[PDB]
Amino acid sequence: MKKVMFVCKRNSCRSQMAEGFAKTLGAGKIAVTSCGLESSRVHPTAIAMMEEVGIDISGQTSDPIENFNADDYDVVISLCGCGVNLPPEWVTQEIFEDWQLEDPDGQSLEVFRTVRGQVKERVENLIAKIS
């Protein structure tokens with residue numbers, strides 16, 4: 003097993019969707035947790051996009067980076083945007099990327115759909131490395 007992490011500027015959107023895909027795609031061979039540089043409520047329209055794929059996020063909650071430790075996570079996927087990054091040990095795990103993505107907080111359904119697709123594809127790519 004490999005442990006994946008998703009970390010956003012707010013957790014609520016980019017990471018939350020990535021967690022929903024990652025557990026559906028790989029729950030049983032990877033363990034996922036999303037966080038954020040700072041927390042915010044899991045965003046409601048996110049639910050709808052995951053419902054398009056046939057998944058949900060209503061049933062889970064948001065969480066700050068501060069509540070965990072990088073040492074437990076094999077792979078860390080920041081999704082802060084504009085190449086913003088994490089000073090702590092989260093950047094020094096076995097795999098690191100920053101998924102530049104159009105943070106769906108308060109956006110149009112087209113932005114949501116674009117990011118939801120991009121995220122899902124990138125979770126599948128990340129799993130393919132570790133599988």
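Residue numbers (this note's numbering): 3 to 133.
Idealized CB from N, CA, C, for every residue including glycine.
Since residue i contacts residue j with CB under 8 Å, what's their CB separation in whole angstroms?
{"i": "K11", "j": "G38", "result": "7 Å"}
{"i": "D73", "j": "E96", "result": "The pair is not a contact, with the Cβ atoms about 11 Å apart (cut-off 8 Å)."}
{"i": "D107", "j": "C82", "result": "Not really, about 13 Å apart at Cβ, beyond 8 Å."}
{"i": "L88", "j": "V9", "result": "6 Å"}
{"i": "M51", "j": "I32", "result": "In fact, because the Cβ distance is near 21 Å, the residues do not count as touching under 8 Å."}
Residue i CB to nearest chain D CB: under 8 Å?
{"i": "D74", "result": "The chain labelled as chain D is not found in the depicted structure, where only one protein chain is given."}
Would you mind stating whether residue i and residue j have Cβ atoms separated by less than 8 Å?
{"i": "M19", "j": "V121", "result": "yes"}
{"i": "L103", "j": "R16", "result": "yes"}
{"i": "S14", "j": "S64", "result": "yes"}
{"i": "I67", "j": "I59", "result": "no"}
Leaving out five residues before and five after residue i in sequence, what residues of the same chain have Cβ atoms less than 7 Å from its Cβ?
{"i": "residue 156", "result": "What is shown of the chain runs 3 to 133, which leaves residue 156 out entirely."}
{"i": "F70", "result": "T35, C37"}
{"i": "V113", "result": "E104, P106"}
{"i": "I129", "result": "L27, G28, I32"}
Tell me which residues share the same chain as residue i and place their Cβ nearer than 8 Å to its Cβ, disregarding the 5 neighbours each side in the sequence.
{"i": "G85", "result": "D100, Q102"}
CB-CB under 6 Å to residue i, same chain, minus the five flanking residues each way: which ones, in chain order?
{"i": "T47", "result": "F114"}
{"i": "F98", "result": "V78"}
So what does residue i bridge to, in DSSP terms?
{"i": "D100", "result": "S80"}
- Sequence ranges, alpha helix (DSSP H) only - wholly within the region 6-67, length at least 4: For the region 6-67, the continuous alpha helix (DSSP H) assignments of 4+ residues that do not extend past its boundaries occur at 16-28, 46-55, in sequence order.
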